[PDB]
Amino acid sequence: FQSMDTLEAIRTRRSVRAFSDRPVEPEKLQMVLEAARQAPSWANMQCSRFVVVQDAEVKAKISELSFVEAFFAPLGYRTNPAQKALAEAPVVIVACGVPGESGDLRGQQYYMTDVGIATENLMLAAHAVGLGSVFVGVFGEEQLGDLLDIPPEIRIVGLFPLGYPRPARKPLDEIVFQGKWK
């Protein structure tokens, strides 16, 4: 399939924060999630998990949870410029990690690295088929988990607005959940 040259995709990929309301073809959504699934992971343990969120009301709640209060502003983000994107995008993908399914040594959380690898696949694949996304790291984790029925032992790592800009792997259905955690 002809998407985009790898070097070109890597160079031209941008954080997209403004989305049209044009629907994402499930065929493209599948190519994006397949790319994430194809990611290398610590010992092929594949600790990444994804919740695909499409409901308007639920997306609006997620957007609210990604607000930055100046008092609690994390490093480098005085505001969260991707906040409205989480509301506007037809699809929001919530990327999580099972920490016990990746390396834990030298005080380092390799699940964070594994999810980074998988989400860079996800973002490059999306850009390659004409979609846009942005890694969102700022959000209230406990409220988000509560909203999506994500168990507290699962760690949420990033949110990915997805839409049109304005050695065997586990089955897709084992690492991607529709609407809420299963």
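In this text, residue numbers run from 1 along the sequence as written.
- Counting the unmodelled positions of the deposited sequence between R13 and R14 gives zero.
- The question of which stretch, 28 to 36 or 112 to 120, has the higher mean Cα B factor is settled in favour of 28 to 36.
- Remark: stretch with higher mean C-alpha B factor among 87 to 95 and 100 to 108 is 100 to 108.
- Among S66, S133, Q54, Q46, the highest C-alpha B-factor in the deposited entry belongs to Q54.
- Among all modelled residues in this chain, the alpha-carbon of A18 has a temperature factor (C-alpha) in the middle third.
- For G145, the recorded CA temperature factor ranks within the middle third of the chain's modelled residues.
- In the deposited entry, the Cα temperature factor of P171 places it in the highest third of its chain's modelled residues.
- The entry lists a Cα temperature factor for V157 that places it in the lowest third of the chain's modelled residues.
- Placement of the Cα temperature factor of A60 within the chain: highest third of the modelled residues, per the deposited record.
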